[PDB]
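In: Please find the sequence and an experimentally derived structure below.
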Amino acid sequence: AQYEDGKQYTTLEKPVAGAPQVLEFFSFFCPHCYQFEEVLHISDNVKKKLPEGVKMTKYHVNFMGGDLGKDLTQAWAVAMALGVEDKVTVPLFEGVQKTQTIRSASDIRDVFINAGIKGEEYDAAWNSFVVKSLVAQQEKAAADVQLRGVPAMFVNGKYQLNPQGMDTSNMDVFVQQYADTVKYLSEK
């Protein structure tokens, strides 16, 4: 057909019950992820084509960047708990990959301070249990699909996007094909 298993997407041999409907994984250390977020705006363009009643979940992963990678997953939990993803996503990517001024938990914190999140509010979130379980949720989801590489996107715990099987000559076109695949898979 037009959409074929093993081409634009793959099927999980081991489907995950109760999974979020659209689940994206990333790392602020991941160069392709920087592209996906900063240059291609994949997350954004997917959302604009999702049917109504379908919400998008995006999680950070641990297996890149060692110690600071883990710090970044907790900080993403904090970003989620406070609902400030859209203010820290860009400075976190650029701080890790562009300017390389993020080398420690303190430098991660600065980004939030600069973004206007109050220090005492960041620190309370950071140390909170709600954030601890939010870290556990991110790790569980990654574990459940046996995630060993990012960026990655899964739909209804049953399908995994396969971007390798798409023309990259034009970026806009790749992006829409990606978004359209997510939409088709969402209706499946």
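Out: Perfect, I can see it now. Numbering: from 1, shown residues only.
In: alpha carbons only for contacts and neighbour counts from here, please
Out: Noted.
In: Extract the CA atoms of stretch 115-135 and return them as PDB.
Out: The C-alpha trace of stretch 115-135 is given here as PDB (Å, rounded to 0.1, in the frame of the first residue of the first chain):
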ATOM      1  CA  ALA A 115      13.300  31.900  31.900                       C
ATOM      2  CA  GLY A 116      11.600  33.500  34.800                       C
ATOM      3  CA  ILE A 117      10.800  30.600  37.000                       C
ATOM      4  CA  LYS A 118      11.400  31.600  40.600                       C
ATOM      5  CA  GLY A 119      14.400  30.000  42.300                       C
ATOM      6  CA  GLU A 120      12.500  28.700  45.300                       C
ATOM      7  CA  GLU A 121       9.800  27.400  43.100                       C
ATOM      8  CA  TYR A 122      12.300  25.500  40.900                       C
ATOM      9  CA  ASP A 123      14.100  24.100  43.900                       C
ATOM     10  CA  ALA A 124      10.800  22.900  45.500                       C
ATOM     11  CA  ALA A 125       9.700  21.200  42.300                       C
ATOM     12  CA  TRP A 126      13.200  19.800  41.800                       C
ATOM     13  CA  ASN A 127      13.100  18.100  45.200                       C
ATOM     14  CA  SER A 128       9.400  17.100  45.100                       C
ATOM     15  CA  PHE A 129       8.000  13.600  45.100                       C
ATOM     16  CA  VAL A 130       5.600  14.600  42.300                       C
ATOM     17  CA  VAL A 131       8.700  15.200  40.200                       C
ATOM     18  CA  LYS A 132      10.300  11.900  41.400                       C
ATOM     19  CA  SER A 133       7.300  10.000  40.000                       C
ATOM     20  CA  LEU A 134       7.400  12.100  36.900                       C
ATOM     21  CA  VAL A 135      11.000  10.900  36.500                       C
END
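In: ok now that stretch, how far from the chain's centre?
Out: Stretch 115-135 sits 19 Å away from the centroid of its parent chain (CA atoms, centre = their mean, to the nearest Å).
In: tell me which element the residue nearest to residue 3 when sequence neighbours are not counted falls in.
Out: Leaving aside its sequence neighbours, residue 3 sits nearest to residue 181 (CA to CA, 6 or more residues apart in numbering; 7.7 Å). Here residue 181, judged by DSSP states H and E, is contained in helix 171-186.
In: and that helix, which residues are buried?
Out: 174-175, 177-183, 185-186 (16 or more other CA atoms under 10 Å).
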